[PDB]
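Residue numbering for the sequence shown follows the authors' numbering, beginning at 1 and increasing consecutively.
Positions of the beta carbon are idealized from the N, C-alpha and C atoms, including for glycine.
The structure under discussion appears below in the form of structure tokens.
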Amino acid sequence: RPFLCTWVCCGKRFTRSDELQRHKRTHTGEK
Ligand SMILES: [Zn+2]
């Protein structure tokens with residue numbers, strides 16, 4: 001399944017949900 005960070009105008013695509021979540025940590029999650 002193709003993943004994409006739709007956070008504002010970020011727009012980065014991943015092939016793993018663990019990777020998208022990892023990336024998402026840059027914007028939010030544990031901040
Ligand atoms: Zn992002």
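Looking only at its chain, what residues have a beta carbon closer than 8 Å to the beta carbon of residue i, apart from the 5 residues adjacent to it on each side?
i	result
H23	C5, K12 and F14
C10	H27
Residues near ligand 1, criterion Cβ-heavy atom distance below 7 Å: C5, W7, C10, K12, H23, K24, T26 and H27
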